[PDB]
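Colleague: Below: the sequence, then the experimentally determined structure.
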2 protein chains.
Amino acid sequence: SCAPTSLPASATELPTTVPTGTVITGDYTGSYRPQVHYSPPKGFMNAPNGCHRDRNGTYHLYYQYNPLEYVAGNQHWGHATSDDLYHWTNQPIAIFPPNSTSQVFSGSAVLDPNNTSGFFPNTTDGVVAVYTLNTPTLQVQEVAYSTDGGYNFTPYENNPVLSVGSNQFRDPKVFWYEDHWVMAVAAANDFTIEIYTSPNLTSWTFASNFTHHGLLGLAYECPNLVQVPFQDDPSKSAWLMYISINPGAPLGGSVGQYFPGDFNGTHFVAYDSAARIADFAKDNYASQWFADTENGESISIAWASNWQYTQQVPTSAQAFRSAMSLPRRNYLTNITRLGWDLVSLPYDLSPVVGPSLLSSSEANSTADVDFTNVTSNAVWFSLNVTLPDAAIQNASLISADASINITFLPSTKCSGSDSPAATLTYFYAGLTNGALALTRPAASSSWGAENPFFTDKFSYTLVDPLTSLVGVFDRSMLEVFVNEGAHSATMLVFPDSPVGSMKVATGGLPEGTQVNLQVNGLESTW
Amino acid sequence: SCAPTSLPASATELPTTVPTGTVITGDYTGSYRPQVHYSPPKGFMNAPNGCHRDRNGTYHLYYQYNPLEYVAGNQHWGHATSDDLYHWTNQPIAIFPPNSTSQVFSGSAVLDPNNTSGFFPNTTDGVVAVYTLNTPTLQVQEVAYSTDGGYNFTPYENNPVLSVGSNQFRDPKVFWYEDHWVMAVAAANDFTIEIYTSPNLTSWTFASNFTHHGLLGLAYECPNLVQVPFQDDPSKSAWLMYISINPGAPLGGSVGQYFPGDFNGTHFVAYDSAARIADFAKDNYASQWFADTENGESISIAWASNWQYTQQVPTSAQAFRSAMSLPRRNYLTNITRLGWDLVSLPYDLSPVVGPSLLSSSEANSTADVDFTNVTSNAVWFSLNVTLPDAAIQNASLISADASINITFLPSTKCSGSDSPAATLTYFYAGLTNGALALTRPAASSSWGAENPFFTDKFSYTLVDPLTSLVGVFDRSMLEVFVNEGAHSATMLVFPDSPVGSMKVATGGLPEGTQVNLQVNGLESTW
Ligand SMILES: *[C@@H]1O[C@H](CO)[C@@H](O[C@@H]2O[C@H](CO)[C@@H](O[C@@H]3O[C@H](CO)[C@@H](O)[C@H](O[C@H]4O[C@H](CO)[C@@H](O)[C@H](O)[C@@H]4O)[C@@H]3O)[C@H](O)[C@H]2NC(C)=O)[C@H](O)[C@H]1NC(C)=O
Ligand SMILES: *[C@@H]1O[C@H](CO)[C@@H](O[C@@H]2O[C@H](CO)[C@@H](O[C@@H]3O[C@H](CO)[C@@H](O)[C@H](O)[C@@H]3O)[C@H](O)[C@H]2NC(C)=O)[C@H](O)[C@H]1NC(C)=O
Ligand SMILES: *[C@@H]1O[C@H](CO)[C@@H](O[C@@H]2O[C@H](CO)[C@@H](O)[C@H](O)[C@H]2NC(C)=O)[C@H](O)[C@H]1NC(C)=O
Ligand SMILES: *[C@@H]1O[C@H](CO)[C@@H](O)[C@H](O)[C@H]1NC(C)=O
Ligand SMILES: *[C@@H]1O[C@H](CO)[C@@H](O)[C@H](O)[C@H]1NC(C)=O
Ligand SMILES: *[C@@H]1O[C@H](CO)[C@@H](O)[C@H](O)[C@H]1NC(C)=O
Ligand SMILES: *[C@@H]1O[C@H](CO)[C@@H](O)[C@H](O)[C@H]1NC(C)=O
Ligand SMILES: *[C@@H]1O[C@H](CO)[C@@H](O)[C@H](O)[C@H]1NC(C)=O
Ligand SMILES: *[C@@H]1O[C@H](CO)[C@@H](O)[C@H](O)[C@H]1NC(C)=O
Ligand SMILES: *[C@@H]1O[C@H](CO)[C@@H](O)[C@H](O)[C@H]1NC(C)=O
Ligand SMILES: *[C@@H]1O[C@H](CO)[C@@H](O)[C@H](O)[C@H]1NC(C)=O
Ligand SMILES: *[C@@H]1O[C@H](CO)[C@@H](O)[C@H](O)[C@H]1NC(C)=O
Ligand SMILES: *[C@@H]1O[C@H](CO)[C@@H](O)[C@H](O)[C@H]1NC(C)=O
Ligand SMILES: *[C@@H]1O[C@H](CO)[C@@H](O)[C@H](O)[C@H]1NC(C)=O
Ligand SMILES: *[C@@H]1O[C@H](CO)[C@@H](O)[C@H](O)[C@H]1NC(C)=O
Ligand SMILES: *[C@@H]1O[C@H](CO)[C@@H](O)[C@H](O)[C@H]1NC(C)=O
Ligand SMILES: *[C@@H]1O[C@H](CO)[C@@H](O)[C@H](O)[C@H]1NC(C)=O
Ligand SMILES: *[C@@H]1O[C@H](CO)[C@@H](O)[C@H](O)[C@H]1NC(C)=O
Ligand SMILES: OC[C@H]1O[C@](O)(CO)[C@@H](O)[C@@H]1O
Ligand SMILES: OC[C@H]1O[C@](O)(CO)[C@@H](O)[C@@H]1O
Ligand SMILES: *[C@H]1O[C@H](CO)[C@@H](O)[C@H](O)[C@@H]1O
Ligand SMILES: *[C@H]1O[C@H](CO)[C@@H](O)[C@H](O)[C@@H]1O
Ligand SMILES: *[C@H]1O[C@H](CO)[C@@H](O)[C@H](O)[C@@H]1O
Ligand SMILES: *[C@H]1O[C@H](CO)[C@@H](O)[C@H](O)[C@@H]1O
Ligand SMILES: *[C@H]1O[C@H](CO)[C@@H](O)[C@H](O)[C@@H]1O
């Protein structure tokens, strides 16, 4: 059986009224439907919201959700739960607008076990959502509380809790700092993150502004102010302001950027005036960090799309638009020359890793790996390359031809051009030394070639040699992680024919180079 | 009849020894050879150097030049002169390395009419070049002087004039401030522009550092610190620090960025912590400003290429690699919401503008313009759109379909895919409101499709409606300028078949919208 390219009418037909108190049933069998990423059972999804872990260890993912269309609008908070951030259970819609002319825009959630809010006289498991209500004339911050573990929310009786009389004032991210609540919120079209403080989540006082930092684009969105541990030393950490911008990103549309710095409970001060882009492709946006994580883990998830084409991608015939990124483990590190770097790695994938397709220690060879018998149409790969120390001390010893080439090739079973669906090319030396290209050839996709914003080629240039590469392919998405997650990219692909194999080639590698390649099929979560 | 795709052996064969005191003869007839842009007669060119206007109105363009190969190396300063920045005369090589193991890297030139240097006891027309000398172990700043108008240079007897014992210290840009010389120079791998002062161009004193601003990439290069007049008010100006970075640009490889701010003769202070990219495509790098211009004119030129593919472009069979951008008139303006903006417009094109190919006032139409009779294979176009007052006040009145689509189509006489060589698509509203796409379809170019770094699609998103668009096509290059040069892009194209025509379509425009389209052929300067 080939995965279907179109579904039954009952799978794709959207209701004319929003379902309340019942799970929306999903057909997750589409040829483009990711099997280890979250996507909504039906309809259009964007930013992750309300991300938190409850005391029982359940991760709550909420999401911007149009239950009525395959385009942006009518925003509700959708809800899915998981104990491992891969095996998702769909839940009833969590937050509804008060009427048909208002929308529940992005926001965050916190546990209030000490009842600072006063909402929780008889429970230590209270959840508070802080979110933007979009009116035709205003964006205001509102509060809603849950006594049932974050499934049903009661709006605060004296909403809204915060307004500045603006229709560009959104995406509150709330967290506890020592003795008070902090809110980071975007004065979106003023390129300002405003910081407010509160003892009880309902009374907010202005603290400070963070304005005109890094790339402006056309708006600041979905600010996250978080403490991120050092990759090489868990006992150390720094504060990080993460800001999403859209439109006006360098590659077009939407992108995330970050600022390492100091936070003292009222003011964030960046360590320098540099701009730093989080992902070197164009399908990673609106990253939100999970509240109430265990063991000083920095855990985030993003929307794996771009505002320039998210409402036009050819998945609506498969009963959805938009998926989340892999869930991410985050660290800070210093990389050679550039210094500060936001590290992103896939959150523990062990619960979805299936049997080995290939284990190889062959250097200067091509490994040809078929996965047509992997029903998920999803694979994980790991490539380690360890140069001899002679080639580290003297890079002039490396051949101009020393390179890595990865290609994802169309299925022989589920066919059509022979073009790869996705390529990665890296050079150790030569005229483009350290250059890594990630491509989705226009030739592989009639839709992609025609969409004016669907960029074919992305690149990042290393200073250090490439020593590790991890990747996940999941039907219509490729994520890559270079040098223990120092550099990462999230890339959508919509090939005319589904991918059925991958080739991993190394060439021109120095004598004594160690190569280790591992490829595993992934098990579907649905 | 058709422009040659391959030239005689004598046209492309490079000498084995560098010619001294003689002009290198060029064949400028190649199907990819620009006819209104500067490119070297033979060999490989990169960054513009020594840019200045002499007292008699001759513009001097020097350039990084490998006379021996079609790749980077063996750097000399090549030299060309013009009175209008379009009609270039090739000159003998201006600056030579002192031996076979050193290279003349980038730098600047200034007039020294008051003989501050002591080089010019008997002339007020003295020119001083300040440039990086590259050795395998060091980058140092050197001085050479010319008494003959900048054709022949004598090295300063006590070179070098500035060393810090670094191998990453280059691209000095020198200018007069009130009572002293200022040098902006890149501590390239430290992401620092160092400012030095001198009474006499030979003795340099450290003044200040400008460090870790905007995008770092992998290196700061070719800093320019210049006073740029306001577009709306010639009597006002602000200081601007322009920095080129490579590699590590968001689109891959090389890009220019800028910082508006204050300069007081010793210290540059940016007005804010924002990063601002100069050009929204990937083929505009190492912009240098002309010294000693007239009438408060800010004039610059850039290298129209990208380091990721400049040494691989398919023009070596046509006796060259690399062209300059159009010469640019620069201003600063405030654009809606985003604020500070570097304006770039083509410098007075009137000396190359040939007869009209089309004048049209038709809205909601497709104009087909054939230019197979324009021997230059170069055209200028101008498109104005004036929306009615009603739609300027209420944009909700604009149709989702309101759009402008320009395509450059392959010649049928000199061919074959029917793919456009280049496209521009802009939307007034709909789901991607204000989004402008500039594309070079992979389908149009076998070389382009295969090159892993030759990105197919670029975009910029407007806030204001598009009201003006100017463009120049020149055989293998397209430059576009949006809303009186508020936004600009430089894009190389290497189509399999030469461009023979363009289509300009408007559609879905509000009742009462005024459209004016002008297209002119350009006259070859060679
Ligand atoms: C913390 O930051 C917030 C967000 O930036 C800030 O609130 C804002 O203040 C600015 C003023 O600095 C407001 O901007 C103005 O809004 C009015 C109404 O639309 C405009 O008429 C003003 O126009 C003039 O000034 C502009 C900027 O120089 C010019 O471009 C223009 O031509 C006019 O001369 C101006 O745009 C803005 O509306 C608010 N935004 C919000 C969301 O409140 C707040 O003041 C900061 N607080 C502290 C303590 O610093
Ligand atoms: C102005 O900026 C320049 C350039 O950044 C400063 O010089 C530089 O100083 C740094 C130290 O901050 C040097 O880094 C160092 O590298 C050497 C060798 O790798 C190492 O031994 C040192 O311990 C240090 O890590 C850098 O090399 C150097 N660069 C250059 C081009 O000289 C300068 O100090 C600044 N001046 C002021 C007043 O701030
Ligand atoms: C762009 O707008 C800014 C902010 O309005 C201008 O900067 C100021 O200009 C006024 C004079 O009109 C000065 O008094 C202020 O001190 C300036 N700075 C600030 C932060 O307000 C700037 O001049 C404008 N630039 C252009 C090119 O128009
Ligand atoms: C809909 O709800 C919004 C937000 O509470 C409010 O501003 C608006 O007046 C409501 N309209 C109606 C008629 O219910
Ligand atoms: C929250 O605290 C503020 C003081 O910051 C107080 O004015 C307000 O009454 C409190 N609200 C509730 C509902 O307890
Ligand atoms: C935090 O730092 C700022 C200066 O950046 C200072 O003004 C403020 O008072 C500090 N707040 C606390 C709680 O110390
Ligand atoms: C990066 O280096 C800087 C300068 O030494 C240091 O202050 C910072 O703690 C380092 N960060 C990490 C993550 O190692
Ligand atoms: C499935 O495919 C893999 C990779 O080609 C192969 O190693 C494995 O033996 C196959 N298994 C079956 C049961 O076909
Ligand atoms: C690398 O080897 C070359 C000779 O092959 C030598 O000239 C050079 O100095 C060496 N470089 C280093 C970093 O040791
Ligand atoms: C590859 O190197 C990584 C470091 O990024 C390490 O965690 C992993 O165990 C190695 N994989 C193997 C041995 O193939
Ligand atoms: C990888 O592909 C590139 C194409 O740019 C090629 O130049 C390089 O030699 C190849 N390396 C391999 C097959 O390992
Ligand atoms: C890989 O090829 C390079 C360059 O030809 C060579 O020096 C090296 O010994 C080769 N290694 C293997 C494992 O064949
Ligand atoms: C070559 O010339 C440069 C610049 O004058 C000088 O620094 C270098 O030492 C010279 N090398 C030799 C081998 O003559
Ligand atoms: C340049 O000026 C410095 C400082 O006054 C002085 O030491 C030096 O002799 C001058 N050099 C020349 C060649 O005039
Ligand atoms: C220039 O400005 C800096 C502050 O940015 C100051 O330290 C210096 O004294 C000023 N120099 C002059 C010549 O005024
Ligand atoms: C467009 O408008 C400008 C306004 O200055 C005018 O100079 C120019 O002639 C017009 N260009 C076209 C499209 O005719
Ligand atoms: C331009 O192209 C877009 C699709 O990219 C299309 O929707 C629009 O209707 C076209 N408009 C014109 C003016 O041809
Ligand atoms: C353009 O076409 C639209 C849709 O048919 C129409 O409403 C509008 O009046 C037309 N405008 C002009 C300027 O012809
Ligand atoms: O994509 C992020 C942006 O879109 C929204 O989520 C609305 O669905 C906003 O709250 C946010 O600024
Ligand atoms: O392209 C810019 C860079 O390349 C050089 O011009 C050398 O040819 C350097 O001077 C500069 O940093
Ligand atoms: C969906 O699309 C595939 C090919 O893309 C067809 O094979 C299938 O029948 C359906 O139309
Ligand atoms: C659900 O959506 C699909 C794709 O548009 C339709 O083909 C189907 O009939 C139903 O409307
Ligand atoms: C369940 O109730 C909610 C209340 O907001 C409605 O929006 C929904 O349509 C359904 O009736
Ligand atoms: C330019 O091309 C000619 C052939 O036309 C060669 O002979 C020459 O060496 C250079 O490559
Ligand atoms: C003319 O002289 C220069 C040195 O000034 C040489 O490099 C060139 O080859 C020719 O002899």
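Modeller: Perfect, thanks for sending it. Residues are numbered from 1 along each chain as shown, chains lettered A, B, ... in the order given. Ligands and ions are numbered 1, 2, ... in the order given.
Colleague: Which strand residues bridge the closest residue to residue A:232 other than its chain neighbours?
Modeller: Of all residues beyond its chain neighbours, the one nearest residue A:232 is residue A:333 (6.6 Å), with distances taken as Cβ to Cβ, 6 or more residues apart in numbering or on different chains. Backbone N, C-alpha and C define where each C-beta goes, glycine included. Beta-bridge partners of residue A:333, counted by DSSP bridges, are residue A:341.
Colleague: got it, and residue A:516?
Modeller: Here residue A:516 sits in beta bridges with residue A:384, as judged by DSSP bridges.
Colleague: again with residue A:521
Modeller: residue A:379.
Colleague: Can you get me a residue count around it?
Modeller: Residue A:521 has 20 neighbouring residues, counting by other Cβ atoms under 10 Å in any protein chain shown.
Colleague: what's near enough to touch it?
Modeller: Residue A:521 is in contact with A:354-355, A:357, A:371, A:374, A:376, A:378-379, counting by Cβ atoms under 8 Å, 6 or more residues apart in numbering or on different chains.
Colleague: mind running it again at 10 Å?
Modeller: Contact analysis of residue A:521 by Cβ atoms under 10 Å, 6 or more residues apart in numbering or on different chains lists A:352-357, A:369, A:371, A:373-380.
Colleague: distance of it from residue B:400?
Modeller: 43 Å (Cβ to Cβ, to the nearest Å).
Colleague: got it, and residue A:13?
Modeller: Relative to residue B:400, and taking Cβ to Cβ, residue A:13 is found at 24 Å.
Colleague: same question, residue A:386
Modeller: Distance, residue A:386 to residue B:400, by Cβ to Cβ: 55 Å.
Colleague: which of the two has more neighbours?
Modeller: Legend: neighbour count by other Cβ under 10 Å for residue A:386 and residue B:400, higher for residue A:386 (15 against 12).
Colleague: any idea what sits nearest that one, other than its immediate chain neighbours?
Modeller: Beyond its immediate neighbours in the sequence, the residue positioned closest to residue A:386 (Cβ to Cβ, 6+ apart) is residue A:514, lying 4.1 Å away.
Colleague: Pretty sure the one you found sits against residue A:389.
Modeller: No - with contact defined as Cβ atoms under 10 Å, residue A:514 does not reach residue A:389; the gap is 11.5 Å.
Colleague: The residue nearest to residue A:232: what's it in contact with?
Modeller: A:230-233, A:339-343, A:483-486.
Colleague: Check residue A:24 too.
Modeller: Contacts for residue A:24 (Cβ under 10 Å, 6+ apart) come out as A:14-15, A:18, A:40-43, A:65, A:67, A:78, A:90-93.
Colleague: Show me what from the stretch 201-350 of chain A comes close to ligand 1.
Modeller: Within the stretch 201-350 of chain A, the positions adjacent to ligand 1 are A:209, A:211 by Cβ under 6 Å from any ligand atom.
Colleague: Please repeat the previous calculation with a cut-off of 5 Å.
Modeller: Counting by Cβ under 5 Å from any ligand atom, the residues of the stretch 201-350 of chain A close to ligand 1 are residue A:209.
Colleague: Would you map the strands across the stretch 201-350 of chain A?
Modeller: For the stretch 201-350 of chain A, strands defined by DSSP state E, counting those that start in this stretch occupy the ranges A:205-211, A:213-215, A:220-230, A:233-245, A:255-263, A:268-270, A:273-277, A:285-289, A:299-303, A:328-335, A:339-346.
Colleague: Generate CSV for these, with distance to ligand 3 as supplementary columns.
Modeller: Formatted as CSV, these follow (distance: least, Cβ to the nearest ligand atom, whole Å):
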stretch, distance to ligand 3
strand A:205-211, 11
strand A:213-215, 16
strand A:220-230, 18
strand A:233-245, 21
strand A:255-263, 21
strand A:268-270, 19
strand A:273-277, 16
strand A:285-289, 29
strand A:299-303, 34
strand A:328-335, 32
strand A:339-346, 28
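Colleague: The closest residue in space to residue A:380 that isn't next to it in sequence: what's it in contact with?
Modeller: Excluding the flanking residues, the one nearest residue A:380 by Cβ to Cβ, 6+ apart is residue A:520, at 4.9 Å. Residues in contact with residue A:520 (Cβ under 10 Å, 6+ apart) are A:349, A:352-359, A:371, A:374, A:378-382.
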